[PDB]
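**Q** Coordinates in my_file07.txt, compact mmCIF, N, CA, C and O atoms, are listed below.
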```
# COMPACT_ATOMS: atom_id res chain seq x y z
N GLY X 258 0.86 -1.22 0.00
CA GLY X 258 0.00 0.00 0.00
C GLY X 258 0.89 1.26 0.00
O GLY X 258 1.01 1.90 -1.05
N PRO X 259 1.51 1.63 1.13
CA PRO X 259 2.38 2.85 1.16
C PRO X 259 3.51 2.76 0.13
O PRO X 259 4.08 1.69 -0.09
N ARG X 260 3.84 3.87 -0.51
CA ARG X 260 4.92 3.86 -1.54
C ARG X 260 6.20 3.27 -0.94
O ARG X 260 6.46 3.39 0.26
N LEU X 261 6.99 2.63 -1.78
CA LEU X 261 8.27 2.00 -1.34
C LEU X 261 9.42 2.59 -2.14
O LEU X 261 9.20 3.34 -3.10
N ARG X 262 10.64 2.26 -1.78
CA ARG X 262 11.82 2.77 -2.53
C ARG X 262 12.60 1.57 -3.07
O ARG X 262 12.24 0.42 -2.81
N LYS X 263 13.65 1.81 -3.83
CA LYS X 263 14.46 0.71 -4.42
C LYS X 263 14.84 -0.31 -3.35
O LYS X 263 14.60 -0.09 -2.15
N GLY X 264 15.42 -1.41 -3.75
CA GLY X 264 15.84 -2.48 -2.79
C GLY X 264 15.30 -3.83 -3.25
O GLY X 264 15.20 -4.77 -2.46
N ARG X 265 14.94 -3.95 -4.52
CA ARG X 265 14.41 -5.24 -5.06
C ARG X 265 15.45 -6.34 -4.86
O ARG X 265 16.65 -6.07 -4.76
N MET X 266 15.00 -7.57 -4.79
CA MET X 266 15.93 -8.73 -4.60
C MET X 266 17.07 -8.67 -5.61
O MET X 266 16.85 -8.53 -6.81
N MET X 267 18.29 -8.78 -5.13
CA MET X 267 19.49 -8.74 -6.03
C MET X 267 20.24 -10.07 -5.87
O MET X 267 19.60 -11.09 -5.56
N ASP X 268 21.55 -10.11 -6.06
CA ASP X 268 22.31 -11.39 -5.89
C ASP X 268 22.16 -11.86 -4.44
O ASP X 268 22.95 -11.47 -3.56
N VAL X 269 21.16 -12.67 -4.17
CA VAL X 269 20.94 -13.18 -2.78
C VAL X 269 21.23 -14.68 -2.74
O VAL X 269 21.86 -15.17 -1.80
N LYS X 270 20.79 -15.40 -3.75
CA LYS X 270 21.05 -16.88 -3.81
C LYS X 270 22.44 -17.16 -4.41
O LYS X 270 22.91 -18.30 -4.37
N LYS X 271 23.08 -16.15 -4.96
CA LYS X 271 24.43 -16.34 -5.58
C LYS X 271 25.50 -16.31 -4.49
O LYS X 271 25.20 -16.02 -3.33
N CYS X 272 26.73 -16.59 -4.86
CA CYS X 272 27.85 -16.57 -3.87
C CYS X 272 28.10 -15.13 -3.41
O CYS X 272 28.78 -14.91 -2.40
N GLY X 273 27.59 -14.14 -4.13
CA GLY X 273 27.82 -12.72 -3.74
C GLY X 273 29.26 -12.36 -4.06
O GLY X 273 30.09 -12.21 -3.16
N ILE X 274 29.56 -12.23 -5.33
CA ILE X 274 30.95 -11.90 -5.78
C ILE X 274 31.40 -10.61 -5.08
O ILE X 274 30.59 -9.70 -4.87
N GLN X 275 32.66 -10.54 -4.72
CA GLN X 275 33.19 -9.32 -4.03
C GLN X 275 34.35 -8.74 -4.83
O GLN X 275 35.26 -9.47 -5.24
N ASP X 276 34.34 -7.45 -5.06
CA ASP X 276 35.44 -6.79 -5.83
C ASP X 276 36.09 -5.72 -4.96
O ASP X 276 35.67 -4.56 -4.95
N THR X 277 37.11 -6.10 -4.23
CA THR X 277 37.82 -5.12 -3.34
C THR X 277 38.81 -4.32 -4.18
O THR X 277 38.68 -3.10 -4.31
N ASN X 278 39.79 -4.98 -4.76
CA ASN X 278 40.81 -4.28 -5.60
C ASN X 278 40.90 -4.96 -6.98
O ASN X 278 41.95 -4.93 -7.63
N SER X 279 39.82 -5.57 -7.43
CA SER X 279 39.82 -6.26 -8.76
C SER X 279 39.63 -5.23 -9.87
O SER X 279 39.20 -4.10 -9.61
N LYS X 280 39.95 -5.61 -11.09
CA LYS X 280 39.80 -4.68 -12.25
C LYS X 280 39.24 -5.45 -13.44
O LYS X 280 39.46 -6.66 -13.56
N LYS X 281 38.52 -4.78 -14.31
CA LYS X 281 37.94 -5.46 -15.51
C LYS X 281 38.44 -4.77 -16.78
O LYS X 281 38.93 -3.63 -16.73
N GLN X 282 38.34 -5.44 -17.91
CA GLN X 282 38.82 -4.85 -19.20
C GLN X 282 37.76 -5.06 -20.28
O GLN X 282 36.83 -5.85 -20.10
N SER X 283 37.88 -4.36 -21.39
CA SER X 283 36.89 -4.49 -22.50
C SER X 283 37.64 -4.59 -23.83
O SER X 283 38.87 -4.48 -23.87
N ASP X 284 36.92 -4.81 -24.91
CA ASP X 284 37.57 -4.93 -26.26
C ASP X 284 38.34 -3.64 -26.57
O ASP X 284 39.55 -3.67 -26.78
N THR X 285 37.65 -2.52 -26.60
CA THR X 285 38.32 -1.22 -26.89
C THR X 285 39.36 -0.93 -25.81
O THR X 285 39.12 -1.21 -24.63
N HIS X 286 40.49 -0.38 -26.20
CA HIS X 286 41.56 -0.06 -25.20
C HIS X 286 41.00 0.92 -24.18
O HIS X 286 40.90 2.12 -24.45
N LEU X 287 40.65 0.43 -23.01
CA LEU X 287 40.09 1.32 -21.94
C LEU X 287 41.01 1.27 -20.72
O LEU X 287 41.70 0.27 -20.49
N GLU X 288 41.05 2.34 -19.96
CA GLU X 288 41.92 2.40 -18.75
C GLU X 288 41.06 2.63 -17.51
O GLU X 288 39.99 3.23 -17.60
N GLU X 289 41.51 2.17 -16.36
CA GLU X 289 40.73 2.36 -15.10
C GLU X 289 41.01 3.75 -14.54
O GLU X 289 41.89 3.93 -13.69
N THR X 290 40.27 4.74 -15.01
CA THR X 290 40.43 6.17 -14.54
C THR X 290 41.92 6.52 -14.36
O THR X 290 42.73 5.92 -15.03
```
Represent the supplied structure as structure tokens.

**A**
Amino acid sequence: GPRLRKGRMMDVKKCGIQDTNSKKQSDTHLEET
């Protein structure tokens, strides 16, 4: 009934991947800031 805000179910049944100091790359030559 009362309006709600974001918070829909997300990765809950998954292992919950954690990225502390990890980095990702793409096809185009991209740099991490």

**Q** What's the separation between CA of residue 274 (chain X) and atom C of residue 289 (chain X), in Å to one decimal place?

**A**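 Atom C of residue 289 (chain X) lies at a distance of 20.6 Å from CA of residue 274 (chain X).
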
**Q** What's the separation between atom C of residue 290 (chain X) and atom C of residue 278 (chain X), in Å to one decimal place?

**A**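 Value for the atom C of residue 290 (chain X)-atom C of residue 278 (chain X) distance: 13.7 Å.
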
**Q** Box in all listed atoms of region 273-282 of chain X, axis-aligned, with 5 Å more on each side; write out centre and edge lengths in Å to one decimal as AutoDock Vina command-line options.

**A**
```
--center_x 34.8 --center_y -8.6 --center_z -11.7 --size_x 24.4 --size_y 21.0 --size_z 27.1
```

**Q** Suppose you want the space between CA of residue 279 (chain X) and atom O of residue 262 (chain X); what is it in Å?

**A**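 Taking CA of residue 279 (chain X) and atom O of residue 262 (chain X), their separation equals 29.0 Å.
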